[PDB]
Amino acid sequence: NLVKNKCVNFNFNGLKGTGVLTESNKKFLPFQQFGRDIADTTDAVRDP
Amino acid sequence: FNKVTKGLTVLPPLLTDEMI
């Protein structure tokens with residue numbers, strides 16, 4: 001099971017990331033997995 | 001402001017934009 005607003009070292013299908021998970025108001029398609037900003041840090045992830 | 005553009009640390013200015 002996943003957590004919301006509770007920092008963890010989450011592994012979304014091989015993607016290891018740390019931080020707080022907050023709901024996103026920008027919506028791509030779920031198959032479109034993740035993006036990166038100007039700093040190239042991962043910005044979002046979709047869970048199965 | 002309009003024209004300017006993990007493991008990274010930025011410390012806030014001791015004098016923020018407001019105080020500057």
Note to self: Could you sort the peptides A:9-21, A:26-38, B:6-18 by per-residue average Cβ neighbour count (10 Å cutoff), highest mean leading?
What the structure shows: A:9-21, A:26-38, B:6-18
Notebook entry, point to check: If one computes the Cα centroid of segment A:10-48 and of chain B, what distance in Å separates the two points?
Noted result: 25 Å
Notebook entry, point to check: For A:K6 and A:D40 in one chain, what is 0.36 nm times their gap in residues minus the Cα-Cα distance, to one decimal in nm?
Noted result: 10.0 nm
Margin query: Let's test the formula: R0 of 30 Å, r as the Cβ-Cβ distance of A:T18 and B:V10. What FRET efficiency results, to the nearest 0.05?
Written below: 0.95
Next item on the list: Would you tell me the mean number of C-beta atoms belonging to other protein chains that fall within 10 Å of each C-beta in A:34-41, as a whole number?
Entry: 1
Next item on the list: Report, in debye and to the nearest 20, how large the dipole of chain A comes out about its Cα centre when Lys and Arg carry +1 and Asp and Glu carry -1 on their Cβ.
Entry: 120 debye
Next item on the list: Quote the FRET efficiency, to the nearest 0.05, computed for B:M19 versus A:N25 with a Förster distance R0 of 30 Å and r equal to the Cβ-Cβ distance.
Entry: 0.40
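Since every read-out is calculated from the coordinates, none of them should be taken as a lab result. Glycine also receives a Cβ, built like all others from the backbone with ideal geometry; neighbour counts cover every protein chain displayed.
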